[PDB]
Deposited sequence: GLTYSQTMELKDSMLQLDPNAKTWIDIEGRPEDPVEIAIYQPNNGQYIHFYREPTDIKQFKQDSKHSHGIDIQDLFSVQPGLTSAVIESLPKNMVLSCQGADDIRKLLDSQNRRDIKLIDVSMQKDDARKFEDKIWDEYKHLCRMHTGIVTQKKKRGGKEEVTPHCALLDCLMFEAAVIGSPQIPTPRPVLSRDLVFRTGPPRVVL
């Protein structure tokens, strides 16, 4: 749960999106227990990107070793309630682009956001990840949450980077306008342990 001031800040930051502009959505974790969400507007580079601590541990451990490589300890300090707070304040009758719409449709429906429509780009597996290596080379710094060795040894899946590479595959080039986060780190994470005095 967010505070009154955190709520005002998020809504204010979210209004930076153009409600009509092309907007991607991607998620890591199952739709009833998501761990990473990304909403991205390729034209202006703006993105909403946050995390969530999981409730089902056994699945999470499976998803960590075979998909996202996230260590659960790195999620202990993330701000709770962001998933419902974000989804609630997305514009009325918004349209979202995505790769595989099944899970995202379930997630939006669970939030009573049936008014939000999805466009599944439905690319083939490898066509969607053509520019995976280049996107990781350039934008790895944007998300350091994928620390574990993933096996299917492969590149971990990041909700954010997946949006960027899906846009890249659609346009045919890894050349996109610079991605910029719309959320402050102080909203995504809880102030962590105090600095070790050195």
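Participant: Give me the ranges of the deposited sequence that have no CA atoms here, in sequence order.
Facilitator: Residues missing from the model, as numbered along the full deposited sequence, span only 153-160.
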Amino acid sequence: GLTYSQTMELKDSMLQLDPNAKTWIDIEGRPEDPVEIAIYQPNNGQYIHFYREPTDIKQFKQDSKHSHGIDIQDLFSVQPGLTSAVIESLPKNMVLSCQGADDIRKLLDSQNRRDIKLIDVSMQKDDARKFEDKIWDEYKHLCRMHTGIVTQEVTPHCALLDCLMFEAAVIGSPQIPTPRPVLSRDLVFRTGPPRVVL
From here on, numbers count along this sequence of modelled residues.
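Rigid core (definition): largest C-alpha set, two forms, superposition within 1.5 Å.
Participant: Overlaying the structures in 5 other deposited structures of this protein on the rigid core, point out which of 19-27 and 185-193 has the bigger RMS C-alpha shift.
Facilitator: Between 19-27 and 185-193, the one lying farther away in 5 other deposited structures of this protein is 185-193.
Participant: Which is higher in the entry, the mean Cα B factor of 135-143 or that of 49-57?
Facilitator: For C-alpha atoms only, the mean B-factor is higher in 135-143.
Participant: So which stretch wins on mean C-alpha B-factor, 164-172 or 30-38?
Facilitator: The recorded data point to 164-172.
Participant: Comparing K125 with the other modelled residues of its chain, is its CA B-factor in the lowest, middle or highest third?
Facilitator: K125: CA B-factor falls in the highest third of its chain.
Participant: With respect to C-alpha B-factor, does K106 fall in the lowest, middle or highest third of the chain as deposited?
Facilitator: For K106, the deposited C-alpha B-factor lands in the lowest third.
Participant: By the recorded C-alpha temperature factor, relative to the other modelled residues in its chain, which third is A85 in?
Facilitator: As the PDB entry reports it, the C-alpha B-factor of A85 lands in the lowest third of its chain.
Participant: Compared with the other modelled residues in the chain, in which third is the CA B-factor of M94?
Facilitator: Its C-alpha B-factor, which the entry lists for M94, ranks in the highest third among residues of this chain.
Participant: Would you please rank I25 by its C-alpha temperature factor against the other modelled residues of its chain and give the third it falls in: lowest, middle or highest?
Facilitator: Lowest third - that is where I25 ends up once the chain's C-alpha B-factors are sorted.
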